[PDB]
There are 2 protein chains.
Amino acid sequence: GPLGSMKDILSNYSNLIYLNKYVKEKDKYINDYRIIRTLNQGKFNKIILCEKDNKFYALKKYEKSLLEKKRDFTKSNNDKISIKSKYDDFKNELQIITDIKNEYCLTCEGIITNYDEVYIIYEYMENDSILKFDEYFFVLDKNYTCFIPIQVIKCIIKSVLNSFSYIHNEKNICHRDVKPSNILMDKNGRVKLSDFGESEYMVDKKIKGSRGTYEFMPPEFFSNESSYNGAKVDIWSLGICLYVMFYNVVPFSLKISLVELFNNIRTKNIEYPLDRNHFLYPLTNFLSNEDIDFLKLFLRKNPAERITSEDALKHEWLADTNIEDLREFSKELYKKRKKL
Amino acid sequence: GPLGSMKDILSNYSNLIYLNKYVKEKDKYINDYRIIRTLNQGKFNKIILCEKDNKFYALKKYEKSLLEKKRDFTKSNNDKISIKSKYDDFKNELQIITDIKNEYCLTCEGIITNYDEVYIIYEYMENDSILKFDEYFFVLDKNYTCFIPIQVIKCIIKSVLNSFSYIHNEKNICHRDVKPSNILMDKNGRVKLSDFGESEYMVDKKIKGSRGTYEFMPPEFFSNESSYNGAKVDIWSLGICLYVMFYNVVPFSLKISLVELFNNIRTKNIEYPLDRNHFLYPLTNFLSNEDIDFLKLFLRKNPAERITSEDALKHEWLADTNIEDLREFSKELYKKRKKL
Ligand SMILES: Nc1ncnc2c1ncn2[C@@H]1O[C@H](COP(=O)(O)OP(=O)(O)NP(=O)(O)O)[C@@H](O)[C@H]1O
Ligand SMILES: Nc1ncnc2c1ncn2[C@@H]1O[C@H](COP(=O)(O)OP(=O)(O)NP(=O)(O)O)[C@@H](O)[C@H]1O
Ligand SMILES: [Mn+2]
Ligand SMILES: [Mn+2]
């Protein structure tokens, strides 16, 4: 429940490496991993692009001394308050990173540490996340629109559903923050679920309560319930990703304000126009009945009535998934990147 | 409703100055206003500390070209969506800045512009805001605690209540974002309501709907209602400021997450311990029955049952307000600042 020190957590990890930073002719290295540049400066962690041998890697750096300040207010149990730190959250994440091994999930290849700074080694998914965000979602560039083709969307969903199978059924983990920025693609058309920073071990398939990214949170969270089926939470969020992949915009969600976001999620019907509709004005092809059908199975506001991952994978809509559409898509995308 | 261009809005302002920036021996000037340093770099606007003659000023810089990109999603009316910009929001703010004149409100002394960059001139409230925030609220320093004394709190509240009288009764404006960071104090013990960036003109005392800072928003906002009495919204928020002034922490609110914030506000009883309770642990005197009584009149979850500003000003609790407590407090505070 409340885990021990980092050392304890990692004591049974069989690829824990001693931290060794150094310079060799003004290129900075982490343990043979040559630091190229940083890919993403988060508020806390941060991912680093590196090279070792001839392969490419993304190392995620956390630091104890940094996240152990930044304390918040959890629940209570005892009503005698509760005091948690972002380092406490990371311990739980660490244990998970240590447990995940699957072709459909980003899995680390080693942990480098001094028990303060921590570098988790990951393969580098050269096509980054399936969509990118700033004021809205885009594929490659904020300037030309372009929506992901359906046949490719099919592949991605089937892929992430497969990773649900692993975490939910094999590992008993609820991902708890399934969003576009967390589905990574490589050049060859592999798609992987990543960032388990919000992930928790379920108790009888139930998850703790209310945590993740607001606009991806299910109606359940706005009830009296207090417990929710982990799987259905991740299903809902994939549904949103699906909606986002269709429209390049998040459904009822959107900025300013969040009361208006939350009075919405629990009760309100999602609008299903044609690809560009919420998007014709920022820039100053389109779907078909079946596409909206499938997607609506994910966004049943009542969770016991929401689609299973099993039913999903075996639904008619995915029965014509051709992995070659994704491989071709991913290949051309990679060719369009590093051209910028 | 939908106002015109900046020129139009300002056409009947009688102290609109032509922008004139220049250097005189590597001190940068705005129109005789010598730029000292910047006080607060917001996400958009920004406030500048300046000097002219021997007086001190805080100029708030906005820019058209900057906030006209940054568009969001308002309501609809027509269900044919609605597209607003942060520059649109500022037009409404501009009209208001142009209307407010009161000893209890920060009122501009001139607007300097080229119809893109805009500098609103304000007196400089040398004691800044009544409390400061980072991970929690503090008076001067994050290291020594110290709570504002009750007799001083009395003065501040009476002061802000007075400014409600002006905006609500004389001007028909709802402030809509009453919070500690917006109540400014000078060295001499004057306290002024400021930042009308969220402020709106009421229609039959009602305000539009759901806008401001989440943790200061009233229960009404979580109903079916759609319209709320402007005054009672500002009353609620002053109540929170009061709660914050008592405990140096925001009530049920607090970070992570907001569903947990909103399932709270609408239904849930506020806890009233003694000054340091939520605060004994960050740092690793105290109130009295009457104080909590008064404050509870502000935080009636039902707005038609919440305290008036009239009743407040004439309540027993303020009947012994001694302005000299604030003047002495403000004097010593100023002496403790610029000592850092
Ligand atoms: N193995 C990888 N290959 C390529 N890009 C990556 C990889 N890992 C992370 N990234 C990029 O870095 C971003 C953020 O990484 P993440 O592990 O989600 O950190 P975070 O602090 O949780 N950020 P966010 O999830 O956006 O709040 C991802 O969205 C990717 O764009
Ligand atoms: N006249 C003034 N004298 C002294 N300090 C000031 C003055 N005006 C603004 N400030 C400081 O600048 C801060 C932010 O100014 P404000 O006009 O609220 O901009 P903002 O972008 O709305 N920031 P926030 O309200 O915190 O989201 C205030 O909280 C004060 O600390
Ligand atoms: Mn992430
Ligand atoms: Mn403000």
# chains A, B, ... in the order shown; residues from 1 in each chain; ligands from 1
call {"tool": "residues_near_ligand", "arguments": {"ligand": "ligand 3", "cutoff": "12 Å", "atoms": "only C-alpha atoms and all ligand atoms", "output": "number ranges by chain"}}
result
A: 40-47, 60, 106, 128-129, 132, 175-184, 193-199, 212-213
call {"tool": "write_last_selection", "arguments": {"atoms": "N, CA, C and O atoms", "output": "short mmCIF file (atom, residue, chain, number, x, y, z; two decimals), in the first residue's frame"}}
result
data_model
loop_
_atom_site.label_atom_id
_atom_site.label_comp_id
_atom_site.auth_asym_id
_atom_site.auth_seq_id
_atom_site.Cartn_x
_atom_site.Cartn_y
_atom_site.Cartn_z
N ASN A 40 11.10 16.50 -24.44
CA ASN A 40 9.94 17.04 -23.77
C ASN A 40 10.32 17.42 -22.35
O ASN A 40 10.66 16.56 -21.54
N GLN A 41 10.27 18.72 -22.07
CA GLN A 41 10.48 19.19 -20.71
C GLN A 41 9.14 19.29 -19.98
O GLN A 41 8.41 20.29 -20.10
N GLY A 42 8.81 18.24 -19.24
CA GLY A 42 7.64 18.24 -18.37
C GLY A 42 7.81 19.24 -17.24
O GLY A 42 8.81 19.97 -17.17
N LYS A 43 6.82 19.29 -16.35
CA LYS A 43 6.90 20.16 -15.18
C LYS A 43 7.87 19.59 -14.15
O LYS A 43 8.49 20.34 -13.39
N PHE A 44 8.01 18.26 -14.16
CA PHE A 44 8.87 17.55 -13.22
C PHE A 44 9.87 16.60 -13.90
O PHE A 44 11.08 16.82 -13.81
N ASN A 45 9.36 15.57 -14.56
CA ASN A 45 10.22 14.50 -15.06
C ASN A 45 11.17 14.91 -16.20
O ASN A 45 12.34 15.20 -15.91
N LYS A 46 10.70 14.94 -17.44
CA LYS A 46 11.55 15.24 -18.62
C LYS A 46 12.11 13.99 -19.31
O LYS A 46 12.62 13.09 -18.65
N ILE A 47 12.01 13.97 -20.64
CA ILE A 47 12.52 12.87 -21.46
C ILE A 47 13.71 13.34 -22.28
O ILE A 47 13.70 14.44 -22.84
N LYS A 60 13.84 8.81 -19.52
CA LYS A 60 13.01 9.68 -18.71
C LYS A 60 13.69 9.90 -17.38
O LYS A 60 13.90 8.95 -16.63
N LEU A 106 5.10 0.55 -23.82
CA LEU A 106 6.47 0.98 -23.66
C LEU A 106 7.01 0.34 -22.38
O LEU A 106 6.42 0.51 -21.29
N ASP A 128 6.82 9.59 -32.44
CA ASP A 128 6.26 10.31 -31.29
C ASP A 128 4.80 9.88 -31.09
O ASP A 128 4.46 8.75 -31.44
N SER A 129 3.93 10.73 -30.56
CA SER A 129 2.55 10.32 -30.27
C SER A 129 1.61 10.45 -31.47
O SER A 129 1.84 11.27 -32.36
N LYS A 132 -0.58 15.38 -31.86
CA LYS A 132 0.11 16.36 -31.03
C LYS A 132 -0.89 17.46 -30.63
O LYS A 132 -1.89 17.69 -31.33
N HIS A 175 -4.65 1.83 -16.42
CA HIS A 175 -3.72 2.84 -16.91
C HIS A 175 -4.08 4.22 -16.39
O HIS A 175 -3.19 4.97 -15.96
N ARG A 176 -5.37 4.54 -16.42
CA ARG A 176 -5.86 5.72 -15.71
C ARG A 176 -5.55 7.09 -16.38
O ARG A 176 -5.89 8.12 -15.83
N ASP A 177 -4.90 7.11 -17.55
CA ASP A 177 -4.58 8.39 -18.26
C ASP A 177 -4.32 8.11 -19.74
O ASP A 177 -3.37 8.65 -20.34
N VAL A 178 -5.17 7.26 -20.33
CA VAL A 178 -5.14 6.99 -21.76
C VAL A 178 -5.52 8.25 -22.55
O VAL A 178 -6.67 8.71 -22.50
N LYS A 179 -4.54 8.82 -23.26
CA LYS A 179 -4.75 9.97 -24.12
C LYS A 179 -3.80 9.97 -25.33
O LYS A 179 -2.77 9.29 -25.28
N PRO A 180 -4.14 10.67 -26.43
CA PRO A 180 -3.25 10.73 -27.61
C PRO A 180 -1.75 10.90 -27.32
O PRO A 180 -0.93 10.16 -27.87
N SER A 181 -1.40 11.84 -26.44
CA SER A 181 0.00 12.10 -26.12
C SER A 181 0.72 10.89 -25.51
O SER A 181 1.95 10.87 -25.48
N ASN A 182 -0.06 9.89 -25.07
CA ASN A 182 0.45 8.66 -24.46
C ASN A 182 0.44 7.41 -25.34
O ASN A 182 0.84 6.33 -24.88
N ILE A 183 -0.05 7.53 -26.58
CA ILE A 183 0.01 6.41 -27.53
C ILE A 183 1.14 6.71 -28.49
O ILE A 183 1.02 7.61 -29.33
N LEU A 184 2.24 5.98 -28.38
CA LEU A 184 3.41 6.30 -29.20
C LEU A 184 3.52 5.38 -30.39
O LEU A 184 3.13 4.21 -30.31
N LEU A 193 1.23 1.87 -25.80
CA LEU A 193 0.75 2.56 -24.61
C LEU A 193 1.90 2.92 -23.67
O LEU A 193 2.78 2.09 -23.41
N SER A 194 1.90 4.14 -23.17
CA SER A 194 2.98 4.62 -22.33
C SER A 194 2.51 5.59 -21.24
O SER A 194 1.32 5.91 -21.16
N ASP A 195 3.48 6.05 -20.44
CA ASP A 195 3.30 6.86 -19.22
C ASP A 195 2.31 6.29 -18.21
O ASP A 195 1.11 6.55 -18.26
N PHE A 196 2.86 5.55 -17.27
CA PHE A 196 2.05 4.93 -16.26
C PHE A 196 2.12 5.73 -14.96
O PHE A 196 2.05 5.18 -13.87
N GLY A 197 2.22 7.05 -15.11
CA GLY A 197 2.42 7.95 -13.97
C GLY A 197 1.19 8.10 -13.10
O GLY A 197 1.28 8.54 -11.96
N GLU A 198 0.03 7.73 -13.64
CA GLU A 198 -1.26 7.84 -12.98
C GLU A 198 -1.80 6.43 -12.70
O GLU A 198 -2.86 6.27 -12.09
N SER A 199 -1.07 5.40 -13.15
CA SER A 199 -1.55 4.02 -13.10
C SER A 199 -1.56 3.41 -11.70
O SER A 199 -0.69 3.70 -10.89
N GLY A 212 -6.24 11.59 -13.01
CA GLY A 212 -6.03 11.54 -14.46
C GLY A 212 -6.15 12.93 -15.09
O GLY A 212 -5.88 13.93 -14.45
N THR A 213 -6.57 12.98 -16.36
CA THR A 213 -6.71 14.23 -17.08
C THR A 213 -8.19 14.51 -17.22
O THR A 213 -8.92 13.67 -17.76
#
call {"tool": "interface_residues", "arguments": {"of": "chain A", "to": "chain B", "cutoff": "9 Å", "atoms": "only C-alpha atoms", "output": "ChimeraX atom specification"}}
result
/A:70-74,81,83,135,210-212,214,221-224,254-260,262-263,278,281-282
call {"tool": "write_last_selection", "arguments": {"atoms": "N, CA and C atoms", "output": "PDB file, in the first residue's frame"}}
result
ATOM      1  N   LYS A  70       6.756  19.582  -3.168  1.00  0.00           N
ATOM      2  CA  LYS A  70       5.542  19.412  -3.995  1.00  0.00           C
ATOM      3  C   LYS A  70       4.679  18.339  -3.345  1.00  0.00           C
ATOM      4  N   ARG A  71       4.096  18.714  -2.212  1.00  0.00           N
ATOM      5  CA  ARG A  71       3.207  17.861  -1.444  1.00  0.00           C
ATOM      6  C   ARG A  71       1.788  18.352  -1.665  1.00  0.00           C
ATOM      7  N   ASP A  72       0.835  17.430  -1.616  1.00  0.00           N
ATOM      8  CA  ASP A  72      -0.562  17.760  -1.854  1.00  0.00           C
ATOM      9  C   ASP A  72      -1.461  17.205  -0.753  1.00  0.00           C
ATOM     10  N   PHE A  73      -2.766  17.219  -1.013  1.00  0.00           N
ATOM     11  CA  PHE A  73      -3.758  16.694  -0.088  1.00  0.00           C
ATOM     12  C   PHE A  73      -4.535  15.523  -0.708  1.00  0.00           C
ATOM     13  N   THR A  74      -4.187  14.301  -0.303  1.00  0.00           N
ATOM     14  CA  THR A  74      -4.994  13.120  -0.613  1.00  0.00           C
ATOM     15  C   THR A  74      -6.246  13.079   0.264  1.00  0.00           C
ATOM     16  N   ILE A  81      -6.503  14.224   8.302  1.00  0.00           N
ATOM     17  CA  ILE A  81      -5.869  14.572   7.022  1.00  0.00           C
ATOM     18  C   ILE A  81      -5.033  13.440   6.395  1.00  0.00           C
ATOM     19  N   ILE A  83      -1.136  13.431   3.957  1.00  0.00           N
ATOM     20  CA  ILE A  83      -0.077  14.227   3.349  1.00  0.00           C
ATOM     21  C   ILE A  83       0.770  13.353   2.427  1.00  0.00           C
ATOM     22  N   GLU A 135      -3.179  24.248 -29.119  1.00  0.00           N
ATOM     23  CA  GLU A 135      -4.522  24.825 -28.941  1.00  0.00           C
ATOM     24  C   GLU A 135      -5.564  23.808 -29.413  1.00  0.00           C
ATOM     25  N   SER A 210     -10.834   8.989  -8.844  1.00  0.00           N
ATOM     26  CA  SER A 210     -10.729  10.371  -9.401  1.00  0.00           C
ATOM     27  C   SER A 210      -9.321  10.953  -9.496  1.00  0.00           C
ATOM     28  N   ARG A 211      -8.685  10.714 -10.640  1.00  0.00           N
ATOM     29  CA  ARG A 211      -7.284  11.000 -10.874  1.00  0.00           C
ATOM     30  C   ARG A 211      -7.066  10.753 -12.370  1.00  0.00           C
ATOM     31  N   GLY A 212      -6.245  11.586 -13.012  1.00  0.00           N
ATOM     32  CA  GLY A 212      -6.033  11.539 -14.464  1.00  0.00           C
ATOM     33  C   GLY A 212      -6.152  12.925 -15.093  1.00  0.00           C
ATOM     34  N   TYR A 214      -8.622  15.682 -16.738  1.00  0.00           N
ATOM     35  CA  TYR A 214     -10.032  15.992 -16.556  1.00  0.00           C
ATOM     36  C   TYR A 214     -10.898  15.637 -17.760  1.00  0.00           C
ATOM     37  N   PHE A 221     -17.146   9.200 -12.450  1.00  0.00           N
ATOM     38  CA  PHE A 221     -16.398  10.056 -11.532  1.00  0.00           C
ATOM     39  C   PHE A 221     -17.257  11.162 -10.934  1.00  0.00           C
ATOM     40  N   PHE A 222     -18.411  11.420 -11.549  1.00  0.00           N
ATOM     41  CA  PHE A 222     -19.336  12.473 -11.119  1.00  0.00           C
ATOM     42  C   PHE A 222     -20.569  11.943 -10.385  1.00  0.00           C
ATOM     43  N   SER A 223     -20.468  10.713  -9.884  1.00  0.00           N
ATOM     44  CA  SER A 223     -21.562  10.050  -9.166  1.00  0.00           C
ATOM     45  C   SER A 223     -21.359  10.074  -7.655  1.00  0.00           C
ATOM     46  N   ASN A 224     -22.180   9.300  -6.942  1.00  0.00           N
ATOM     47  CA  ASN A 224     -21.930   8.989  -5.534  1.00  0.00           C
ATOM     48  C   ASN A 224     -20.961   7.813  -5.330  1.00  0.00           C
ATOM     49  N   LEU A 254     -13.155  20.760 -24.032  1.00  0.00           N
ATOM     50  CA  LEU A 254     -12.680  22.095 -24.421  1.00  0.00           C
ATOM     51  C   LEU A 254     -12.439  23.054 -23.234  1.00  0.00           C
ATOM     52  N   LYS A 255     -11.576  24.047 -23.456  1.00  0.00           N
ATOM     53  CA  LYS A 255     -11.136  24.986 -22.411  1.00  0.00           C
ATOM     54  C   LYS A 255     -12.256  25.875 -21.881  1.00  0.00           C
ATOM     55  N   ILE A 256     -11.997  26.490 -20.724  1.00  0.00           N
ATOM     56  CA  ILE A 256     -12.837  27.553 -20.123  1.00  0.00           C
ATOM     57  C   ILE A 256     -14.378  27.392 -20.258  1.00  0.00           C
ATOM     58  N   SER A 257     -15.024  26.857 -19.222  1.00  0.00           N
ATOM     59  CA  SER A 257     -14.360  26.442 -17.985  1.00  0.00           C
ATOM     60  C   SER A 257     -14.682  24.986 -17.641  1.00  0.00           C
ATOM     61  N   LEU A 258     -14.220  24.538 -16.475  1.00  0.00           N
ATOM     62  CA  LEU A 258     -14.304  23.121 -16.098  1.00  0.00           C
ATOM     63  C   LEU A 258     -15.586  22.680 -15.411  1.00  0.00           C
ATOM     64  N   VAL A 259     -16.277  23.623 -14.785  1.00  0.00           N
ATOM     65  CA  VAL A 259     -17.608  23.366 -14.276  1.00  0.00           C
ATOM     66  C   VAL A 259     -18.459  23.003 -15.491  1.00  0.00           C
ATOM     67  N   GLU A 260     -18.328  23.828 -16.544  1.00  0.00           N
ATOM     68  CA  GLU A 260     -18.979  23.592 -17.827  1.00  0.00           C
ATOM     69  C   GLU A 260     -18.497  22.289 -18.464  1.00  0.00           C
ATOM     70  N   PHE A 262     -17.690  19.626 -16.500  1.00  0.00           N
ATOM     71  CA  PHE A 262     -18.180  18.572 -15.608  1.00  0.00           C
ATOM     72  C   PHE A 262     -19.700  18.476 -15.495  1.00  0.00           C
ATOM     73  N   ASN A 263     -20.394  19.600 -15.652  1.00  0.00           N
ATOM     74  CA  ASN A 263     -21.852  19.577 -15.801  1.00  0.00           C
ATOM     75  C   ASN A 263     -22.224  18.895 -17.111  1.00  0.00           C
ATOM     76  N   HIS A 278     -15.737  21.221 -36.168  1.00  0.00           N
ATOM     77  CA  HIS A 278     -15.213  21.993 -35.049  1.00  0.00           C
ATOM     78  C   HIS A 278     -13.901  22.656 -35.458  1.00  0.00           C
ATOM     79  N   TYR A 281     -13.035  26.626 -38.742  1.00  0.00           N
ATOM     80  CA  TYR A 281     -12.777  28.028 -38.392  1.00  0.00           C
ATOM     81  C   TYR A 281     -11.361  28.391 -37.905  1.00  0.00           C
ATOM     82  N   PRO A 282     -10.696  27.509 -37.121  1.00  0.00           N
ATOM     83  CA  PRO A 282      -9.264  27.722 -36.885  1.00  0.00           C
ATOM     84  C   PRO A 282      -8.470  27.926 -38.184  1.00  0.00           C
TER      85      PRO A 282
END
call {"tool": "select_by_dssp", "arguments": {"residues": "region 52-141 of chain A", "states": "alpha helix (DSSP H)", "output": "VMD selection string"}}
result
chain A and resid 64 to 67 86 to 97
call {"tool": "write_last_selection", "arguments": {"atoms": "C-alpha atoms", "output": "compact mmCIF listing (two decimals), in the first residue's frame"}}
result
# COMPACT_ATOMS: atom_id res chain seq x y z
CA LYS A 64 13.76 12.55 -5.71
CA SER A 65 14.98 15.85 -4.24
CA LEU A 66 12.83 17.65 -6.79
CA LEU A 67 9.49 15.85 -6.40
CA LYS A 86 4.92 13.66 -5.82
CA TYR A 87 7.84 11.39 -4.93
CA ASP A 88 5.33 9.06 -3.23
CA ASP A 89 3.35 8.96 -6.47
CA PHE A 90 6.54 8.11 -8.33
CA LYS A 91 7.33 5.15 -6.07
CA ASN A 92 4.02 3.63 -7.15
CA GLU A 93 4.96 4.43 -10.76
CA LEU A 94 8.41 2.89 -10.33
CA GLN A 95 7.01 -0.47 -9.12
CA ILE A 96 4.79 -0.46 -12.20
CA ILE A 97 7.54 0.38 -14.72
call {"tool": "select_by_dssp", "arguments": {"residues": "region 72-259 of chain B", "states": "strand (DSSP E)", "output": "PyMOL selection string"}}
result
chain B and resi 72-73+83-85+110-113+117-123+132-133+137-138+173-174+183-185+191-193+200-201+206-207+228-229
call {"tool": "atom_distance", "arguments": {"atom1": "CA of residue 27 (chain B)", "atom2": "CA of residue 57 (chain B)"}}
result
15.8 Å
call {"tool": "atom_distance", "arguments": {"atom1": "CA of residue 16 (chain A)", "atom2": "CA of residue 1 (chain A)"}}
result
23.0 Å
call {"tool": "atom_distance", "arguments": {"atom1": "CA of residue 321 (chain B)", "atom2": "atom 12 (O, counted along the ligand's line) of ligand 2"}}
result
27.8 Å
call {"tool": "residues_around", "arguments": {"residues": "residue 311 (chain B)", "least_positions_apart": "2", "cutoff": "12 Å", "atoms": "only C-alpha atoms", "output": "list in words"}}
result
residues 158, 161, 165, 235, 294, 297, 298, 305, 306, 307, 308, 309, 313, 314, 315, 316, 317, 318 and 319 of chain B
call {"tool": "write_last_selection", "arguments": {"atoms": "C-alpha atoms", "output": "PDB file, in the first residue's frame"}}
result
ATOM      1  CA  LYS B 158     -15.132  46.197   5.583  1.00  0.00           C
ATOM      2  CA  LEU B 161     -17.539  45.261   1.159  1.00  0.00           C
ATOM      3  CA  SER B 165     -21.269  48.757  -2.740  1.00  0.00           C
ATOM      4  CA  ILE B 235     -20.083  37.611  -1.537  1.00  0.00           C
ATOM      5  CA  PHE B 294     -19.723  35.823  10.758  1.00  0.00           C
ATOM      6  CA  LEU B 297     -23.019  33.931   6.771  1.00  0.00           C
ATOM      7  CA  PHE B 298     -20.885  34.330   3.624  1.00  0.00           C
ATOM      8  CA  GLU B 305     -29.851  32.741   2.004  1.00  0.00           C
ATOM      9  CA  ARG B 306     -26.279  34.004   1.817  1.00  0.00           C
ATOM     10  CA  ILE B 307     -25.451  37.298   3.549  1.00  0.00           C
ATOM     11  CA  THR B 308     -26.067  40.630   1.796  1.00  0.00           C
ATOM     12  CA  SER B 309     -23.292  43.251   1.655  1.00  0.00           C
ATOM     13  CA  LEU B 313     -21.356  45.958   6.915  1.00  0.00           C
ATOM     14  CA  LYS B 314     -23.854  46.392   9.764  1.00  0.00           C
ATOM     15  CA  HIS B 315     -23.215  43.047  11.451  1.00  0.00           C
ATOM     16  CA  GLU B 316     -22.043  43.015  15.088  1.00  0.00           C
ATOM     17  CA  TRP B 317     -18.685  41.449  14.089  1.00  0.00           C
ATOM     18  CA  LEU B 318     -17.534  44.590  12.202  1.00  0.00           C
ATOM     19  CA  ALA B 319     -19.062  47.034  14.703  1.00  0.00           C
TER      20      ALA B 319
END
call {"tool": "residues_around", "arguments": {"residues": "residue 334 (chain B)", "least_positions_apart": "2", "cutoff": "9 Å", "atoms": "only C-alpha atoms", "output": "JSON, numbers by chain"}}
result
{"B": [126, 127, 186, 187, 188, 329, 330, 331, 332, 336, 337, 338, 339]}
call {"tool": "closest_residue", "arguments": {"among": "A:25, A:320, A:134, A:8", "to": "ligand 1", "atoms": "only C-alpha atoms and all ligand atoms"}}
result
A:134
